[PDB]
Amino acid sequence: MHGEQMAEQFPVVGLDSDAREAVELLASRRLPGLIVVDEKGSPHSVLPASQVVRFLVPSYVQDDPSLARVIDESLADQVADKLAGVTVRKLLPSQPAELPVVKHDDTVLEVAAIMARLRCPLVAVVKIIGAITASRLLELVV
Amino acid sequence: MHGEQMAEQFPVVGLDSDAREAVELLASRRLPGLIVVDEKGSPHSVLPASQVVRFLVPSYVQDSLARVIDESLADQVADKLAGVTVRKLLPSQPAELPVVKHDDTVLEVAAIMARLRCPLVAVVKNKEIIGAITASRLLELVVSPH
(Lines give C-alpha, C1' and ligand atoms only; values in the text may rest on other atoms or scores of the structure.)
Protein backbone atom coordinates (compact mmCIF):
# COMPACT_ATOMS: atom_id res chain seq x y z
CA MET A 1 0.00 0.00 0.00
CA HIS A 2 1.21 3.49 -0.87
CA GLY A 3 0.19 7.12 -0.32
CA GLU A 4 -1.96 7.45 -3.47
CA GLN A 5 -3.94 4.26 -2.79
CA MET A 6 -4.38 5.31 0.87
CA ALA A 7 -5.56 8.85 0.06
CA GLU A 8 -9.21 9.94 0.02
CA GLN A 9 -10.95 13.05 -1.37
CA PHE A 10 -10.72 15.98 1.10
CA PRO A 11 -12.10 19.41 0.15
CA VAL A 12 -9.50 22.19 -0.10
CA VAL A 13 -9.56 26.00 0.14
CA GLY A 14 -7.19 28.82 -0.77
CA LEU A 15 -5.82 31.57 1.46
CA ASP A 16 -7.76 34.09 -0.64
CA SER A 17 -10.96 31.99 -0.76
CA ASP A 18 -14.17 33.17 0.92
CA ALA A 19 -14.16 32.70 4.67
CA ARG A 20 -17.85 31.77 4.20
CA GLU A 21 -17.10 28.84 1.87
CA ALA A 22 -14.78 27.46 4.49
CA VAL A 23 -17.34 27.77 7.26
CA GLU A 24 -20.01 26.19 5.05
CA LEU A 25 -17.74 23.28 4.14
CA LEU A 26 -16.88 22.61 7.76
CA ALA A 27 -20.54 22.76 8.68
CA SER A 28 -22.02 20.93 5.72
CA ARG A 29 -19.45 18.19 5.55
CA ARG A 30 -19.12 18.03 9.34
CA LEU A 31 -15.34 18.02 9.04
CA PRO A 32 -13.09 18.74 12.01
CA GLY A 33 -10.77 20.81 9.78
CA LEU A 34 -10.02 22.12 6.28
CA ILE A 35 -6.93 21.80 4.15
CA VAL A 36 -5.68 25.27 3.20
CA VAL A 37 -3.41 25.76 0.19
CA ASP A 38 -1.79 28.87 -1.27
CA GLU A 39 -2.37 30.34 -4.74
CA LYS A 40 -0.06 27.73 -6.28
CA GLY A 41 -2.24 24.94 -4.90
CA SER A 42 0.50 23.50 -2.69
CA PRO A 43 -0.11 22.57 0.99
CA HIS A 44 -0.16 25.48 3.43
CA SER A 45 -2.01 24.60 6.65
CA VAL A 46 -5.06 23.09 8.32
CA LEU A 47 -7.93 25.25 9.55
CA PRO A 48 -9.72 23.39 12.38
CA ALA A 49 -13.42 24.04 13.03
CA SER A 50 -12.62 25.08 16.60
CA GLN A 51 -10.51 27.96 15.25
CA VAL A 52 -13.48 29.08 13.19
CA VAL A 53 -15.64 28.88 16.31
CA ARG A 54 -13.09 31.08 18.07
CA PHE A 55 -13.22 33.62 15.24
CA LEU A 56 -17.01 33.72 15.16
CA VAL A 57 -17.81 34.36 18.86
CA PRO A 58 -17.28 37.91 20.19
CA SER A 59 -14.44 38.26 22.69
CA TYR A 60 -16.79 39.79 25.24
CA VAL A 61 -18.97 36.70 25.08
CA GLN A 62 -15.94 34.42 25.27
CA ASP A 63 -14.97 36.37 28.34
CA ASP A 64 -18.35 35.68 30.02
CA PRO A 65 -19.18 32.07 29.08
CA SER A 66 -22.04 31.89 31.58
CA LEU A 67 -23.47 35.20 30.36
CA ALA A 68 -23.74 36.45 33.90
CA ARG A 69 -22.86 40.06 33.00
CA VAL A 70 -23.11 40.54 29.25
CA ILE A 71 -25.76 40.29 26.53
CA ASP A 72 -25.61 38.92 23.01
CA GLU A 73 -28.95 38.49 21.23
CA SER A 74 -27.27 38.47 17.81
CA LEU A 75 -24.94 35.41 17.64
CA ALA A 76 -26.20 34.00 14.31
CA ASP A 77 -26.75 37.45 12.75
CA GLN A 78 -23.21 38.49 13.70
CA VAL A 79 -21.66 35.23 12.54
CA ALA A 80 -23.07 36.23 9.20
CA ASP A 81 -21.80 39.84 9.44
CA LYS A 82 -18.19 38.94 10.26
CA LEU A 83 -17.75 36.35 7.49
CA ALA A 84 -18.85 38.81 4.76
CA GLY A 85 -15.89 40.24 2.81
CA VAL A 86 -13.30 38.17 4.69
CA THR A 87 -10.79 35.61 3.37
CA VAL A 88 -9.65 32.24 4.76
CA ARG A 89 -6.33 33.88 5.71
CA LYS A 90 -8.13 36.01 8.33
CA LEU A 91 -9.72 32.92 9.96
CA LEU A 92 -6.30 31.38 10.51
CA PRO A 93 -4.56 31.86 13.91
CA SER A 94 -1.20 33.58 14.50
CA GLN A 95 0.77 30.40 13.88
CA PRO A 96 -1.29 28.25 11.49
CA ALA A 97 -1.32 24.55 12.35
CA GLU A 98 1.10 23.25 9.71
CA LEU A 99 0.07 20.46 7.34
CA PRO A 100 2.36 17.44 6.99
CA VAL A 101 2.88 16.17 3.47
CA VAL A 102 3.72 12.67 2.25
CA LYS A 103 4.30 11.36 -1.29
CA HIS A 104 2.07 9.23 -3.50
CA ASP A 105 4.57 6.41 -3.00
CA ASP A 106 5.27 6.50 0.77
CA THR A 107 4.74 3.28 2.75
CA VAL A 108 2.04 2.89 5.42
CA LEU A 109 4.74 2.95 8.10
CA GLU A 110 6.41 5.98 6.51
CA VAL A 111 3.00 7.71 6.63
CA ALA A 112 2.26 6.49 10.15
CA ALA A 113 5.70 7.68 11.32
CA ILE A 114 5.15 11.26 10.12
CA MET A 115 1.61 11.35 11.51
CA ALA A 116 2.83 9.95 14.82
CA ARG A 117 5.51 12.66 15.08
CA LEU A 118 3.19 15.68 15.25
CA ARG A 119 0.23 13.75 16.65
CA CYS A 120 -1.44 15.35 13.65
CA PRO A 121 -4.90 14.22 12.53
CA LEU A 122 -4.20 14.50 8.81
CA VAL A 123 -1.55 14.36 6.07
CA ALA A 124 -1.72 15.71 2.53
CA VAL A 125 -0.67 13.43 -0.33
CA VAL A 126 1.15 15.11 -3.19
CA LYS A 127 2.20 14.12 -6.70
CA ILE A 128 -2.42 17.87 -3.37
CA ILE A 129 -4.14 14.80 -4.84
CA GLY A 130 -5.67 13.74 -1.54
CA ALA A 131 -5.23 13.24 2.18
CA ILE A 132 -4.91 10.46 4.75
CA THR A 133 -6.65 10.82 8.11
CA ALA A 134 -5.54 8.97 11.23
CA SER A 135 -8.68 6.84 11.17
CA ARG A 136 -8.06 5.89 7.54
CA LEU A 137 -4.57 4.71 8.49
CA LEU A 138 -6.01 2.72 11.40
CA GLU A 139 -8.68 1.39 9.04
CA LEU A 140 -6.05 0.05 6.66
CA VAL A 141 -3.86 -1.73 9.22
CA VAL A 142 -6.98 -3.25 10.78
CA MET B 1 -32.31 24.87 21.85
CA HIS B 2 -30.16 23.57 24.70
CA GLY B 3 -27.04 21.39 24.97
CA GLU B 4 -29.35 18.37 25.14
CA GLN B 5 -30.87 19.03 21.72
CA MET B 6 -27.50 20.11 20.25
CA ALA B 7 -25.70 16.90 21.23
CA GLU B 8 -25.28 13.95 18.92
CA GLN B 9 -24.67 10.30 19.80
CA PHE B 10 -20.94 9.59 20.10
CA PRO B 11 -19.32 6.25 20.89
CA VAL B 12 -17.94 5.83 24.37
CA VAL B 13 -15.44 3.30 25.76
CA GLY B 14 -14.31 2.43 29.28
CA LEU B 15 -10.85 3.30 30.60
CA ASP B 16 -10.31 -0.37 31.48
CA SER B 17 -11.78 -1.73 28.24
CA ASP B 18 -9.78 -3.58 25.58
CA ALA B 19 -7.38 -1.48 23.46
CA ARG B 20 -7.80 -3.61 20.31
CA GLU B 21 -11.58 -3.27 20.46
CA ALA B 22 -11.35 0.52 20.73
CA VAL B 23 -9.07 0.61 17.69
CA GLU B 24 -11.56 -1.56 15.76
CA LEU B 25 -14.18 1.06 16.59
CA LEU B 26 -11.99 4.03 15.66
CA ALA B 27 -11.23 2.38 12.35
CA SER B 28 -14.69 1.15 11.36
CA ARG B 29 -16.83 4.07 12.46
CA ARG B 30 -14.09 6.26 10.91
CA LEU B 31 -13.90 8.53 13.96
CA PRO B 32 -11.52 11.35 14.87
CA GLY B 33 -11.89 10.16 18.49
CA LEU B 34 -13.62 8.09 21.15
CA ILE B 35 -15.07 9.49 24.37
CA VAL B 36 -13.37 7.67 27.23
CA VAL B 37 -15.18 7.22 30.53
CA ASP B 38 -14.21 5.69 33.86
CA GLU B 39 -15.75 2.58 35.48
CA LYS B 40 -18.80 4.42 36.83
CA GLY B 41 -19.47 6.21 33.54
CA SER B 42 -18.07 9.69 34.16
CA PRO B 43 -16.40 11.59 31.29
CA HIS B 44 -12.63 11.31 31.56
CA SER B 45 -10.94 12.07 28.27
CA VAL B 46 -11.08 11.83 24.49
CA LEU B 47 -9.03 9.21 22.63
CA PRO B 48 -8.16 10.66 19.20
CA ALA B 49 -7.27 8.20 16.40
CA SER B 50 -4.05 10.19 15.95
CA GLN B 51 -2.99 9.27 19.52
CA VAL B 52 -3.56 5.62 18.69
CA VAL B 53 -1.29 6.09 15.69
CA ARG B 54 1.31 7.67 17.99
CA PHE B 55 1.01 4.69 20.33
CA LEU B 56 1.55 2.18 17.53
CA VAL B 57 4.58 3.79 15.90
CA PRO B 58 7.77 3.31 17.94
CA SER B 59 9.77 6.43 18.78
CA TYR B 60 12.88 5.34 16.83
CA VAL B 61 10.65 5.50 13.78
CA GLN B 62 9.33 8.83 15.05
CA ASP B 63 12.79 10.27 15.75
CA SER B 64 13.00 6.88 7.45
CA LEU B 65 14.18 4.02 9.64
CA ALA B 66 10.60 2.99 8.83
CA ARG B 67 11.94 1.92 5.43
CA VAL B 68 15.08 0.29 6.85
CA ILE B 69 13.22 -2.09 9.19
CA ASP B 70 11.56 -5.40 8.24
CA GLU B 71 8.58 -4.71 10.49
CA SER B 72 5.05 -4.18 9.15
CA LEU B 73 2.50 -2.34 11.29
CA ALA B 74 -0.40 -4.64 10.31
CA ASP B 75 1.44 -7.63 11.72
CA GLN B 76 2.70 -5.79 14.83
CA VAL B 77 -0.63 -4.13 15.79
CA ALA B 78 -2.20 -7.19 17.43
CA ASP B 79 1.02 -7.94 19.32
CA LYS B 80 1.31 -4.37 20.68
CA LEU B 81 -2.34 -4.21 21.87
CA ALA B 82 -2.71 -7.62 23.55
CA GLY B 83 -3.49 -7.24 27.25
CA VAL B 84 -3.56 -3.48 26.75
CA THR B 85 -6.41 -1.20 27.84
CA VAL B 86 -7.68 2.16 26.65
CA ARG B 87 -6.02 3.69 29.69
CA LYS B 88 -2.56 2.79 28.32
CA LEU B 89 -3.38 4.25 24.90
CA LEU B 90 -3.93 7.69 26.42
CA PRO B 91 -1.09 10.24 26.55
CA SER B 92 0.73 10.80 29.87
CA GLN B 93 -1.17 14.08 30.32
CA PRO B 94 -4.66 13.25 28.89
CA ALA B 95 -6.64 16.08 27.36
CA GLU B 96 -9.37 17.41 29.62
CA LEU B 97 -12.81 16.87 28.15
CA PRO B 98 -15.01 19.84 28.84
CA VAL B 99 -18.56 18.76 29.71
CA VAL B 100 -21.46 21.20 29.32
CA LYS B 101 -24.71 21.00 31.30
CA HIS B 102 -27.63 19.70 29.26
CA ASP B 103 -29.64 22.88 29.82
CA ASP B 104 -26.88 25.23 28.64
CA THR B 105 -27.99 27.57 25.82
CA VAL B 106 -26.48 27.64 22.35
CA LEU B 107 -24.81 30.97 23.22
CA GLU B 108 -23.23 29.44 26.33
CA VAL B 109 -21.95 26.41 24.45
CA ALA B 110 -20.58 28.66 21.73
CA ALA B 111 -18.87 30.86 24.28
CA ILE B 112 -17.32 27.83 25.94
CA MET B 113 -16.08 26.17 22.78
CA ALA B 114 -14.77 29.50 21.45
CA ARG B 115 -12.96 30.32 24.68
CA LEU B 116 -11.44 26.85 25.08
CA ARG B 117 -11.06 26.19 21.33
CA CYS B 118 -11.86 22.53 22.00
CA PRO B 119 -12.68 20.06 19.18
CA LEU B 120 -15.73 18.75 21.10
CA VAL B 121 -17.56 18.87 24.44
CA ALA B 122 -19.52 16.08 26.09
CA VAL B 123 -23.06 16.73 27.20
CA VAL B 124 -24.20 15.39 30.55
CA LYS B 125 -27.67 15.10 32.12
CA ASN B 126 -28.12 13.82 35.69
CA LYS B 127 -24.57 12.40 35.71
CA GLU B 128 -25.23 10.58 32.41
CA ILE B 129 -23.44 11.30 29.14
CA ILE B 130 -26.17 11.79 26.56
CA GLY B 131 -23.93 12.71 23.61
CA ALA B 132 -21.36 15.22 22.33
CA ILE B 133 -21.15 18.51 20.44
CA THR B 134 -18.23 18.87 18.03
CA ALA B 135 -16.86 22.16 16.75
CA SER B 136 -18.43 21.48 13.31
CA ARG B 137 -21.77 20.61 14.89
CA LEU B 138 -21.70 23.99 16.63
CA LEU B 139 -20.93 25.71 13.32
CA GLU B 140 -23.76 23.81 11.61
CA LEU B 141 -26.23 25.14 14.19
CA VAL B 142 -25.11 28.79 13.99
CA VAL B 143 -25.22 28.93 10.16
CA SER B 144 -28.34 26.80 9.78
CA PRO B 145 -31.09 28.17 7.56
CA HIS B 146 -34.07 29.93 9.25
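Residues numbered from 1 in each chain as written, not as in the entry; some residues may be left out. Chains lettered and ligands numbered in written order. Heavy atoms only, no water. Residues with missing side-chain atoms left out of burial classes, pairs and counts.

As recorded by the PDB entry, chain B carries the name Putative signal transduction protein with CBS domains and is attributed to Kribbella flavida.

By the naming in the PDB entry, chain A is Putative signal transduction protein with CBS domains, taken from Kribbella flavida.

1. Section: the overall build of chain B
Assigned secondary structure in chain B consists of 8 helices and 6 strands. Reading the secondary structure of chain B in the N-to-C direction produces α-β-α-β-β-α-α-α-α-β-α-β-β-α. Each principal axis of the C-alpha atoms in chain B carries an extent, and together these give about 55 × 35 × 25 Å. (Helix = DSSP H or I, 4+ residues; strand = E, 2+ residues; numbered from the N terminus.)

2. Some words on the sheet that holds strand β3 (residues 43-48) of chain B
Residue and element names in this part refer to chain B. An order of β1-β2-β3 is seen for the 3 strands of this open sheet, with the pairing classed as mixed. Strand pairing shows two members of the sheet lacking a second neighbour, β1 (12-14) and β3, which therefore form its edges. Direction aside, neighbouring strands of the sheet carry axes that sit 35° apart on average. The sheet contact formed by β1 and strand β2 (residues 33-37) spans 3 bridges and is parallel. Paired with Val 12 across the two strands is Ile 35, which belongs to β2. The strands touched by helix α2 (residues 19-28) are β1, β2 and β3; relative to β2, the strand with the most contacts, the crossing angle is about 145°. Of the strands in this sheet, β2 and β3 are in contact with helix α3 (residues 49-56), which crosses β3 at around 70°. (Pairing = 2+ DSSP bridges. Axes fitted to C-alpha atoms, helices over the stretch in contact; angles between N-to-C directions. Contact = heavy atoms within 4.5 Å.)

3. Description of the pairing of strand β6 (residues 130-133) of chain A
Residues and elements named next belong to chain A. The alternating pattern of β6 places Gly 130 and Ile 132 and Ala 131 and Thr 133 on opposite faces, both of which are buried. Relative to β6, strand β5 (residues 122-126) is paired through 4 bridges, and the arrangement is antiparallel. Across the sheet, the residue bridging to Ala 124 is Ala 131, located in β6. (Buried < 20%, exposed > 50% of the residue type's maximum accessible area, 1.4 Å probe, protein only.)

4. As for the interface of chain B and chain A
Note: interface size is frequently given as the accessible area lost on complex formation between the parts. Listed as interface residues are 43 residues of chain B and, on the opposing side, 46 residues of chain A. Mapped onto the side of chain B that touches chain A, the elements with two or more residues apiece are α2, α3, α4 (59-62), α5 (73-81), α7 (106-116) and α8 (135-142) of chain B. Tallying contributions element by element places α7 of chain B first for the side of chain B that touches chain A, with 8 residues. Among the residues making up the side of chain B that touches chain A, the classes are represented as 27 nonpolar, 4 polar and 12 charged. (Nonpolar A, V, L, I, M, F, W, Y, C, P; charged D, E, K, R; others polar.)

5. Some details on the packing of helix α7 (residues 108-118) of chain A against helix α8 (residues 134-141) of chain A
Residue and element names in this part refer to chain A. Between α7 and α8, whose axes approach to 11 Å, the crossing angle comes to 145°. Seen along the crossing, α7 lies across α8 with a hand that is left-handed. Between α7 and α8, the residues in contact are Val 108, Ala 112 and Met 115 and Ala 134, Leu 137 and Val 141, respectively. (Left-handed = near helix turned anticlockwise from the far one by under 90°.)

6. Details of the environment of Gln 9 of chain A
All names here are of chain A. Topologically, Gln 9 is positioned in the loop between α1 (3-6) and β1 (12-14). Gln 9 sits 117 residues away from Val 126 along the chain, and the two C-alpha atoms are 12 Å apart. Here the side chain of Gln 9 touches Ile 129 through a polar contact of 3.4 Å, landing on its backbone oxygen. (Polar contact = N/O pair within 3.5 Å; in protein donor to acceptor, adjacent residues only side chain to side chain.)

7. Considering helix α3 (residues 49-56) of chain A
Within α3 of chain A, 6 of the 8 residues are buried, leaving the element largely enclosed by the surrounding structure. Where α3 of chain A is concerned, the buried positions are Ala 49, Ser 50, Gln 51, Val 52, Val 53 and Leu 56 of chain A.

8. Description of the pattern of salt bridges
On inspection of all chains with the given rule, the structure shows 14 salt bridges over all chains. Counted as one network, the salt bridges with shared partners bring together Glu 8, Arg 136 and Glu 139 of chain A together with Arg 30 of chain B. (Salt bridge = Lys/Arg side-chain N within 4 Å of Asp/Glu carboxyl O.)

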